[PDB]
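Chemist: part one of the complex, left exactly where it sits:
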Amino acid sequence: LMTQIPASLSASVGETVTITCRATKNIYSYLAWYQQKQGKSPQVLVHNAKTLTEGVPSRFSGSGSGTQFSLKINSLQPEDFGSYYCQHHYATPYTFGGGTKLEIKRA
């Protein structure tokens, strides 16, 4: 299964952010990350732990070992707000993390 922390993530434009997930058993590097922009279906960002999905800008990167995997956004831009979800893909069933809502800190 999966645990995602933190739940909310206020961040300023330009800032870096990190969202992590943990699993209950060893899942090698079988892990992906989805962004559900508001009012839309989710979309893929990284799969195979670190591999960037077609079309995703390099501000997103993934990493992780054993149980813990992290998504990092180096320079947060406006389009990146929404809820992120990790999901394991090691053996069925594939289960998703509870989600981390990224909100843009503004004036």
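Modeler: Structure's in. What do you need? Numbering: from 1, shown residues only, chains lettered A, B, ... in the order given.
Chemist: center of chain A - which residue?
Modeler: Ranked by distance to the mean C-alpha position of chain A (CA atoms, centre = their mean), the top residue is residue A:33 at 4.2 Å.
Chemist: Just to be sure, that residue is in a helix?
Modeler: No: checked against DSSP: H, G, I helix; E, B strand; the rest coil, residue A:33 lies outside a helix; its state is strand.
Chemist: Could you check how far it is from residue A:40?
Modeler: According to CB to CB, to the nearest Å, residue A:33 and residue A:40 sit 16 Å apart. Just so you know, the C-beta spots here come from the backbone N, C-alpha and C atoms, and that holds for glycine as well.
Chemist: what does residue A:88 give?
Modeler: Distance from residue A:88 to residue A:40, counting by CB to CB: 23 Å.
Chemist: between these two, who's got more neighbours?
Modeler: When neighbours are counted by other CB atoms under 10 Å, residue A:88 comes out ahead of the other of residue A:88 and residue A:40, with 23 against 9.
Chemist: how about that one, what does it touch?
Modeler: When contacts are counted by CB atoms under 8 Å, 6 or more residues apart in numbering, residue A:88 is found next to A:1, A:2, A:23, A:27, A:30, A:31, A:94, A:95.
Chemist: okay, now chain B:
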Amino acid sequence: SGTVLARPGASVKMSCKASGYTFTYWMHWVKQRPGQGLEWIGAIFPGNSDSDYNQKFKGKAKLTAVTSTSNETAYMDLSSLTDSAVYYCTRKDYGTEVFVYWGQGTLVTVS
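Modeler: That brings us to chain B, laid onto the chains above:
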């Protein structure tokens, strides 16, 4: 499609029309509840009809497909109030991990 309001215990069959590709290696059903939580509902390998589900819907939902007409099905039976949610389908590419989008949803509401 196939969604809508249904009274607890009812049954319903959702569909999923694919195009772009003639077949995906795995089609998945995944739902998102009104409180935004995402859940895996089922996965079927068409052309052999193998299936796998969590306990949550085990024995009530039945995923299926038609490699000819390019259709993915979810046949929910004995609906419970907790099945209320948006339902999506996705393909799981071969060397891909989790299941990758192409559905726009379809809201089922059990009340």
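Chemist: Re-run the earlier check on the contacts of residue A:88 with chain B in the model.
Modeler: A:1, A:2, A:23, A:27, A:30, A:31, A:94, A:95, B:98 (CB atoms under 8 Å, 6 or more residues apart in numbering or on different chains).
Chemist: was I right about the residue nearest to the centre of chain A contacting residue A:62?
Modeler: Yes: because the distance of 5.9 Å satisfies CB atoms under 8 Å, residue A:33 is recorded as touching residue A:62.
Chemist: what sits in contact with each of the two?
Modeler: Shared contacts of residue A:33 and residue A:62, defined by CB under 8 Å, 6+ apart, comprise A:45, A:46, A:71.
Chemist: Kindly tell me how buried the residue of chain A found nearest chain B is, as a neighbour count.
Modeler: For chain A, the residue positioned closest to chain B under CB to the nearest CB is residue A:89, at a distance of 3.2 Å. By other CB atoms under 10 Å in any protein chain shown, 21 other residues sit near residue A:89.
Chemist: Does it touch residue A:30 like I think?
Modeler: Yes: because the distance of 4.5 Å satisfies CB under 8 Å, residue A:89 is recorded as touching residue A:30.
Chemist: what sits against residue B:70?
Modeler: Taking CB under 8 Å, 6+ apart as the test, what residue B:70 contacts is B:17, B:18, B:19, B:22, B:23.
Chemist: how close does it sit to chain A?
Modeler: Going from residue B:70 to chain A by CB to the nearest CB, to the nearest Å gives 19 Å.
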